[PDB]
Amino acid sequence: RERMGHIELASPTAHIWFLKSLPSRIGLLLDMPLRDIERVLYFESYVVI
Amino acid sequence: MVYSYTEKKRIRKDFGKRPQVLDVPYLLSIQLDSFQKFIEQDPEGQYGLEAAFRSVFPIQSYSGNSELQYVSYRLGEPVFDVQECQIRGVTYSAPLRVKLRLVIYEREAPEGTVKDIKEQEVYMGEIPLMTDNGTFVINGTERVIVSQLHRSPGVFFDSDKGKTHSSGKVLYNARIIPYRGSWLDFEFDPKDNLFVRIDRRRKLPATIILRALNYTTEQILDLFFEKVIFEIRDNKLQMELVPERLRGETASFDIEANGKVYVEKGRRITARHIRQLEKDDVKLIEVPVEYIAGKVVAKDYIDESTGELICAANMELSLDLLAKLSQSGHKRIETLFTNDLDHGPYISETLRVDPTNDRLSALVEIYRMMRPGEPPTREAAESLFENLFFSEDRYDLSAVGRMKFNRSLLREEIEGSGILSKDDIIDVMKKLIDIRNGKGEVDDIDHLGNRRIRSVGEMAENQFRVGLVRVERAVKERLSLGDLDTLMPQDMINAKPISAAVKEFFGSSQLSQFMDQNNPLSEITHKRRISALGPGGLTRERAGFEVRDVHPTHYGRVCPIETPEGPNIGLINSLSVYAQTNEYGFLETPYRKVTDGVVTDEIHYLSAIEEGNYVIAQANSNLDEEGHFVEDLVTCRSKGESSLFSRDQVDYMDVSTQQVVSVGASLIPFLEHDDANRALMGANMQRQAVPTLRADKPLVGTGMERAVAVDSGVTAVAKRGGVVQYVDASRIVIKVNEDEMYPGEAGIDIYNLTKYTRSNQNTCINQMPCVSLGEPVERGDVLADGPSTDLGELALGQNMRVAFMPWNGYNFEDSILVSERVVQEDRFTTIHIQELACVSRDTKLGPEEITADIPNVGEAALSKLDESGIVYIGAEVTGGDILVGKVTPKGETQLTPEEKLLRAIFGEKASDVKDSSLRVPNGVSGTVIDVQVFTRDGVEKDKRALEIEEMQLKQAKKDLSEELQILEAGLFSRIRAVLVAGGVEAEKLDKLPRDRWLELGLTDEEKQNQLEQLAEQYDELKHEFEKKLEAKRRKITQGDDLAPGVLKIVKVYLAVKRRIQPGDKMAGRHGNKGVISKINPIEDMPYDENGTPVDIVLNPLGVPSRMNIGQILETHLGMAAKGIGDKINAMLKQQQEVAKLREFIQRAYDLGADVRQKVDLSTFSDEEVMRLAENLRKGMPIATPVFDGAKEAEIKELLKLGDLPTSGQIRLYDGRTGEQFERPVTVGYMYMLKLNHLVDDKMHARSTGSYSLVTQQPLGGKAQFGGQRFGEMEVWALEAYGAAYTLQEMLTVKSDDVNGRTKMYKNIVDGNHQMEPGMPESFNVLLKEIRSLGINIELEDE
Amino acid sequence: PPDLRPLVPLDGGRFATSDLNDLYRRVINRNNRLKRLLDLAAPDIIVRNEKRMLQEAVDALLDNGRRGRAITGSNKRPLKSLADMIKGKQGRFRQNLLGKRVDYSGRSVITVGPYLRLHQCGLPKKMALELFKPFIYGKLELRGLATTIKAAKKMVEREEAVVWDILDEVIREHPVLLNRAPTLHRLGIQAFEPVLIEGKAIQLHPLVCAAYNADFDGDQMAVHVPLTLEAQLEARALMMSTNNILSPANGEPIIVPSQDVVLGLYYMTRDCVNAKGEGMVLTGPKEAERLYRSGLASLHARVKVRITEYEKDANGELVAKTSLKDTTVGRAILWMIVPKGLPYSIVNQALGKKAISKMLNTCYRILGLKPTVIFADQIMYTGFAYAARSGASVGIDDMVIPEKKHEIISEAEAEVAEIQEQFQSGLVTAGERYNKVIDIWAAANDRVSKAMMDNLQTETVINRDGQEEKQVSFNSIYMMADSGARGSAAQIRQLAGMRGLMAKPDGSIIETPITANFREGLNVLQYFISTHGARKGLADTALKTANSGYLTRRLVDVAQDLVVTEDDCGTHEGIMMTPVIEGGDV
DNA sequence: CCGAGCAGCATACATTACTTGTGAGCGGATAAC
DNA sequence: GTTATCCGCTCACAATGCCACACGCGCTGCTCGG
Ligand SMILES: [Mg+2]
């Protein structure tokens, strides 16, 4: 009833709460419109760093 | 004289003056009819299976020139019988086969085929038939599919009354809904811009779709406006004028014409001058060129040689551009007619906002809108738009819907295509634009003219077509990839999806549900019940306070008084008594045709709108026996309202008073004396009634009881009249007369009266035979009363002697105090039957066996069972005992084959025992009455199974043997008649038995041929009956379908003679519910001066608040009925002569003022009068129609017939003291029901026990032995008081903190009420759930 | 953790897969496949799409809401994500944390049981024997009647003749909690002392059942047993019925004798002008009681009775002033219940319902609390007693119709007829015509109502030693009304007199009203319109219940913090309370 | 050669579906310097 | 033109409590199996 498990994700992944909970935490934290953030999370864009 | 043999037993005295003209129709007429239009081979292709078939067929390949089609279909008779299907636990399915012809157009060649393959009768699943009572015997249970009331497909125009934009600019939207497709609609933006929308997509300025249909700006502007011409004459541009145009609004200058001046240079031309202009017939008006400012031109004008366009189509106009263009022509300047009130400029604004310009741009715009992000080609968008509509398959208007549409636009041709059309779209647009202007009018949705019912057949064929289109796709792709000519049309299609769809519908539907089968009335009202929920229908969440309210057109088409109280009022509705679905699907009600002045007895059925046309009279309009209203300003209803009208103004009378209410409310005597708010709960309580031991007629009925009993199923009604040959307590055997019989089938027919059998509400059903032995019966007469039925009359409760007076508060608020005499006579003791099923799996660890021995329990727990391991039929078990009888393979993973060899022969069945045996649940006692055993074929048998199968075999064999006996009797009569008419055989065929008959001999020549005939047909018949006995025996002892790893389902039944007790819930028939409070001793109830006590004593303070005086009136009439009965009892105690008793009864039957029935009491046999009187010993049953009830004066006269006081009030006496109550109290005989809210289903408590495993809390539910739930509001209350410690202990140590609660237990058994609380494991579960998310939540250190 | 998402089994091996395991399997499967792809040279677009799919699956697991759905196989419904196990009416908060199911309780259906005292409450033997089981085990261990716990379980299983004595002992003062299903306000849960009864019903005092807003239509009630000592004493001190006698909302008394006793007392306090026994002198109330029970004097006849009404001249004293007041036998009998406090003027009146509330209020004001609860219980007892002894009974011939109703209705009919003719004669606009029609109809309705009232309330014209005298009616109806026992005159006139106008579904008012009444017949149209109104009302109730529930739930979760901590904030700013004046009266 | 487990599948599609009432972030039109 | 301003567009997010009862709860063609 107590012990928890963990999954070593084979690649990083977003946390659906902080992405789609108005106002999106990531959006305000990055000064980036949420639409572009969604378009780059789901692999249909690019972002220069 | 018109009364059947059933009626002549107890003919109910009938009040009511209105002469009924139309007998109440077959109550279930909806359901069967529905399934009829679903199951018969309709050659018109309009509806039924044919409809779905011809909609999906003919399929083809990927245009691969290989087609499938159906020739016709058929339905083999079901393999089982409705009783056998219901008891064995299998649907009452019917195989469905169809003639599939497959053509293969070889390539390359034109239309033609050398490769044809004709595979008939392919087995595409089985469909559940509808029994002759409208139900659907699905596996085990008996479902009923309610009809669903919903928006009719078509078009309608809603106002959207200002709820948006807070502007009072009400924006009339208009929508078109198909039957199978994507609906469409238009809206007026608050900027007066039309906006087209597909079902729910991004809004689009409507005019775009116009270009989507080969329509340029020119045609679009032409089809929406009036061309005001401007002819450039020698000067002044004399445009053509119609007076109402300039009538309009403010004028600007003088409008002189033909020399004279007709309107000065003023403003807002007065109607007088406009009429004067109409007189003068002006065809042209000299106007200044400056006036044309807005005036956007329609025709697209170009220059004569420069190629370019000097005047586009619907761009604008302006003086500069006008002088710029008129240097080429002109002679015909066609502009649009604009006006802010009529012919409003609502299309020009749209074409302004319209971004596109060309048809292909329209296609690409609609294509992007439908599904964004796709490469728009010509073919892609074009095919998408030609599939959105204009496609027989992807869309259909449901010719009923085509009628609704085609009529809502005032067109004439009712018939029409089932597909949209450009003219239809532009007509809808024109209608909507008119709605934005003055003319035209919006139409509400709750009006029955727009809400159609959808029966079982229609929804069934809908689901069938849905399940069919997917197998169509599958067979198309398989025909594509698969070979052209090698196959046989029996495997490219699979019955799996068809069966899956139809079975998931009939079994697990939002609409279908197990029948409310605890009462005949409940059964009926649940069959003819109209719902508004379900697929394609609204839900109770988004219902809205508007829909539930009754619309003035509900009168006669749907009952307004019967509807479930609570979260769904008005959604669920009971269909009216005389109501009847239309050909298209609307609710048409009968009406009496009124000629000029006379009221005919002819009837017409009318829908909502047809009735709205005429003016309808009323049934309470007292006639004059010749079609004439004795009044003049008769009340009437013309257009959804009530008003007075003269005698020569009506056009249709109501058929009968009862047509306003449902069959449910129809059973409420003196209904019109009750508040609707009470009659609702009255009907609803009447539905939930419960059958008793000795059902008995209700003294005050409404005549509808005979019809509702005989039209339901619970009664075993005779098929063909004749003589009752043999009656028993379980079987009936009738010998039909010589007229209604066939060549074979000597005439006997058998009715197996279903004895005590479970129901979907765990209450008993039973058909005791009502007819005696040898009494002749006619066609369609009740031969066995069902549950809560008496002599073919619906009889739910009992006629209890009640009195209205407070009794020491034992009936304080609404309670009820009864007499122990009611308990002693078992007037209310019901029977409760419940089943318990034990399954025998086949675990991969090992199979399941039902052996008698149990490894652990003592002798007691194995005493009830038999040698096989099942209880005997009769052991009065109690909660905890063992019904079966089952052991399981417990252990696993030893893997010592040196011991496996031991326990494979020496311990073959003593290795891994475990007593997972079916015990009766804790609390439920009773008697075991029946045991069914379903054994999976292959699994060998059990002794009890063999015994029950042999018993069933014997029962079946008895019928065939009795039929064989009657056939042999006829055949030996034939032989003896042949072997006596010559020979001669005189003292042989009487003394000599059947031993040597089939081998004797008369003279050979022809009589030996007679012997050949009548002695070879003998053994031919014998062989035939042997064949059919073998067939029945096969059906009895064949396999049983138990799919997912199960071997033997053993079902055991338990019966309880559930008595009455303080705590049950009883009610009359007027919503006067109440909890029974005390079984007061008989010597304490109030009692009349004649020593008779009173059974029930109600509370009078319940009448004046809940204003339903009807019951009291009923009660009065009750004491009338019993009165007569009492008097008759006198005539029956002393053996009074039959003539005198007949005379008295005859005086009784004709007491009303002017009653509809006139029985004579003559032409009744001097002994049939005696049987009738004996049936009337317990009181004269009285029929009072719903809205033709007996007035109080008739009740006074009836009481005067007896020796009872007219006031209906008698000086009582307190059984305790012995002194009389002053103020003589009311006492009568009221009918009283009993509801299955009985106390033994609610009272239970929980000290300790099991707990939920995910959250360590006690379970919820009486069955799970769980405890009550302390809810939010309970906690808020508990903490409202300063009950800190109470709330704390109720939170932690009562329900959670497993260590804390075990400590509390161990500490409270030790006489110390101190708690050691902690952290409720529910909270730790919450911690672990949040922590399972990315969130980190901790308990702070300090 | 695994246990919190348990794979619950079935009778065979058909383990019901909790959707959490399904989501986790989906995600871990994406992860394993993606790792395997990462190892095999990673075709770039392939691994791209695979990471996208894994992101989608993880999003669905954390919340199935956004990004479409993740529907289970062949069961067209979304899967409970983690958030779905926290939010909503089934989330852990509103489902298990805030309100958790209790293992130590029970429920049943409530009868009346009008004999028990105000703090007592009925309890079925079965329910008590099931609830107090641990206490019974403890008591048995004490008396040594069963040394082992399993022996005591067996003894309770057999219900030996000693276990009932034990149970009766163990609850002699042990309180208990009774609760109604919708617990709207604080009184929805009260504390009583149980009394063992038979059957399975739960008796409860009628007054508190008027407080629970509990009828006897079969409404069920839940029981609870406070087991720790703190909780027992807390229920005894705080939520015992003899503590809650004023609503926390208004300082009005919640213990109001509702019906069936106000009728009783009202009948006991009236005055027939010529009743058997009128004109005597009684040496006291007990004398009148004996004179009545012996069947010599009517329950209500004017007499001269000596009465000793006590008083409190100085604070604490109780003087007695033995007066000789003109009264009736009934009032004198009732005087044997007032507890040495209130003056005689509290009884001498007709003593309807508002009068009973006033009497109880002034008794709580003068004498304190304990004599007031005893006095209220005595009132309830005597009210039921003499109500039964009265035999109040409504018959069909009780409700009368005034002999002008037919005439008034015919006259108003002539009026509306000539008005409508005037309209069709072009003398008044249709709207003002409608207005005139509804106006004359309402006027005729008021006429009929007043006529019915003036004929019913005083039809009793009796004579004493001579000619004739009028008096307030003795009709059963209007005795259930004038006393305020049940129903108002508005419902009476809607029963005997004309039913009046009725309302369209939209809210407008039909021209032609329901000229008929309940005692007479109702035509089909009239019943139809009444049904319009009734269904409007019922739908309104069925929606307002849920809406008000949501409202109060929002309320209690914005003020749930307020607790009075400080004893004196020490400020000077308040509001200027002034009597409200809407323009008319105050 | 079909019976008994499995792995990732909106069944592939056009599924689909009127108003629910309210707040709140957001993108195209808008006034001003 | 731009910079800040505002207004309609679309999406998230709530829907009384209990009680009881009922019903159901993947599959399926690929995969492991003889
Ligand atoms: Mg209630």
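Residues numbered from 1 in each chain as written, not as in the entry; some residues may be left out. Chains lettered and ligands numbered in written order. Part of a larger assembly, values for the part shown. Heavy atoms only, no water.

With respect to the overall build of chain B
- Along the backbone of chain B there are 33 helices and 49 strands.
- Considering only C-alpha atoms, chain B reaches an extent of 125 × 115 × 95 Å along its principal axes.
- For chain B, with 1342 residues in total, the buried portion stands at 53%.
- A sequence separation of at least 24 residues applies to 69% of the contacts in chain B between residues at least 6 apart.
- Carbon and sulfur atoms make up 51% of the accessible area of chain B, which totals about 59800 Å².
- Positive and negative side-chain charges of chain B, numbering 170 and 214 respectively, have mean locations separated by a distance of 2 Å. (Helix = DSSP H or I, 4+ residues; strand = E, 2+ residues; numbered from the N terminus. Buried < 20%, exposed > 50% of the residue type's maximum accessible area, 1.4 Å probe, protein only. Contact = heavy atoms within 4.5 Å. Areas by Shrake-Rupley, 256 points an atom, 1.4 Å probe, with all protein chains shown as cover. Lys, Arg positive; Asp, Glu negative; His and termini not counted. Charge placed at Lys NZ, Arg CZ, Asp CG, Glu CD.)

A look at the coordination of the magnesium ion
Residue and element names in this part refer to chain C.
- Donor atoms from the polypeptide that bind the magnesium ion are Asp215 (OD), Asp215 (OD), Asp217 (OD), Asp217 (OD), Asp219 (OD) and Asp219 (OD), placed at 2.0 to 2.1 Å.
- Between the six donor atoms coordinating the magnesium ion, the angles at the centre fall across 36 to 146 degrees, so the site counts as irregular.
- If you list the donors of the magnesium ion from N- to C-terminus, the spacing comes out as D-x1-D-x1-D. (Donors = N, O, S within 2.8 Å, 3.2 Å for Na, K, Ca; no water. Tetrahedral: all angles 85-135°; square planar, octahedral: opposite > 155°, others 65-115°.)

A few points about the interface of chain B and chain C
- The interface of chain B with chain C comprises 138 residues on the first partner and 134 residues on the second.
- Contact with chain C buries surface across chain B, with B:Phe812, B:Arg1223 and B:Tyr1281 losing the most and accounting together for 7% of the total.
- Scanning the region where chain B abuts chain C turns up six salt bridges.
- The tally of links from chain B across to chain C stands at 46 residue pairs in polar contact.
- Judged from the three bridges that link them, strand β49 (residues 1244–1246) of chain B and strand β3 (residues 105–109) of chain C form a sheet pairing that is antiparallel. (Buried area = accessible area lost by both parts, 1.4 Å probe. Salt bridge = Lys/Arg side-chain N within 4 Å of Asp/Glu carboxyl O. Polar contact = N/O pair within 3.5 Å; in protein donor to acceptor, adjacent residues only side chain to side chain. Pairing = 2+ DSSP bridges.)

Quick notes on the protein's contact with DNA strand E
- As a matter of local geometry, DNA strand E sits amid 24 residues, with B:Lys1262, C:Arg14, C:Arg66, C:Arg94 and C:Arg101 nearest to it.
- Counting only the atoms of DNA strand E within 4 Å of the protein, the fraction contributed by sugar and phosphate is 80%.
- For DNA strand E, a sugar or linking oxygen lies 3.3 Å from a polar atom in the side chain of C:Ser74.
- Among the elements of the structure, α30 (1272–1280) of chain B together with α19 (524–556) of chain C are those that each provide at least two residues to the surface near DNA strand E.
- For the surface near DNA strand E, the per-class residue count stands at five nonpolar, eight polar and eleven charged. (Near = heavy atom within 4 Å. Nonpolar A, V, L, I, M, F, W, Y, C, P; charged D, E, K, R; others polar.)

Here's the deal with the interface of chain A and chain B
- Each partner contributes residues to the interface: chain A has six residues there, and chain B has eleven residues.
- When the two sides are added together, the surface that chain A and chain B hide from each other amounts to roughly 660 Å², 62% of it contributed by carbon and sulfur.
- At the boundary of chain A with chain B, the tally comes to one salt bridge.
- Between A:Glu2 and B:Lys1328 there is a salt bridge whose closest N-O contact spans 2.4 Å.
- Our count for the contact surface shared by chain A and chain B stands at three residue pairs in polar contact.
- Residue composition of the side of chain A that touches chain B, grouped by class: three nonpolar, one polar and two charged.

Thoughts on the packing of aromatic side chains
- For the structure on display, the rule yields 24 aromatic pairs over all chains.
- The structure contains a cluster of three or more aromatic residues connected by ring pairs, namely B:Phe35, B:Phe38, B:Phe136, B:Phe505 and B:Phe506.
- Directly above the ring of A:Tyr42 sits C:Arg67, whose terminal nitrogen or CZ lies 3.7 Å from the centroid. (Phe/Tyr/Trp six-rings, centres within 6.5 Å; stacked < 30°, edge-to-face > 60°. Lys NZ or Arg CZ within 6 Å of the ring centre and 35° of its normal.)

Comments concerning the protein's contact with DNA strand D
- Surrounding DNA strand D, one finds 20 residues, the nearest of these being B:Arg175, B:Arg200, B:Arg473, C:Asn29 and C:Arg30.
- Backbone atoms, meaning sugar and phosphate, form 69% of the atoms of DNA strand D found within 4 Å of the protein.
- A distance of 3.2 Å is found between a phosphate oxygen of DNA strand D and a side-chain nitrogen or oxygen belonging to B:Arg151.
- Note that a base oxygen of DNA strand D is positioned 3.4 Å from one of the side-chain N or O atoms of B:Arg470.
- Looking at the surface near DNA strand D, the elements with two or more residues in it are β9 (173–177) and α14 (456–481) of chain B together with α1 (19–39) of chain C.
- In terms of residue count, α1(C) provides more of the surface near DNA strand D than any other element does, three residues in total.
- Residues belonging to the surface near DNA strand D are distributed by class as follows: one nonpolar, five polar and 14 charged.

Comments concerning the sheet that holds strand β7 (residues 147–151) of chain B
Residues and elements named next belong to chain B.
- Strand order in the open sheet made by the four strands is β15-β7-β17-β18, with mixed pairing throughout. Sheet topology places β15 (451–454) and β18 (573–574) at the edges, where each strand pairs with a single neighbour.
- Bridge count for β7 against strand β17 (residues 529–531) is two bridges, and the pairing is parallel. Along β17, the bridge assignment pairs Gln148 with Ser531.

Focus: the pairing of strand β9 (residues 302–311) of chain C
Residue and element names in this part refer to chain C.
- Two elements, strand β8 (residues 281–282) and β9, share two bridges in a ladder whose sense is parallel. Residue pairing in the sheet places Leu282 in a bridge with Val305 of β9.
- The sheet contact formed by β9 and strand β10 (residues 319–328) spans ten bridges and is antiparallel. When the bridges of β10 are listed, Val305 appears paired with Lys325.

Some words on the packing of α30(B) against helix α31 (residues 1284–1295) of chain B
Residue and element names in this part refer to chain B.
- The contact between α30 and α31 brings their axes to 8 Å, and the two run at 150 degrees. Judged on the interaxial angle alone, α31 and α30 are roughly antiparallel. Taken as a pair, α30 and α31 cross one another with a handedness that is left-handed. Residues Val1275, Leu1278 and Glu1279 of α30 pack against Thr1286, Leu1287 and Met1290 of α31.
- Here the residues of the contact of α30 with α31 are counted per class, giving four nonpolar, one polar and one charged. (Axes fitted to C-alpha atoms, helices over the stretch in contact; angles between N-to-C directions. Parallel < 35°, antiparallel > 145°, perpendicular 65-115°, else oblique. Left-handed = near helix turned anticlockwise from the far one by under 90°.)

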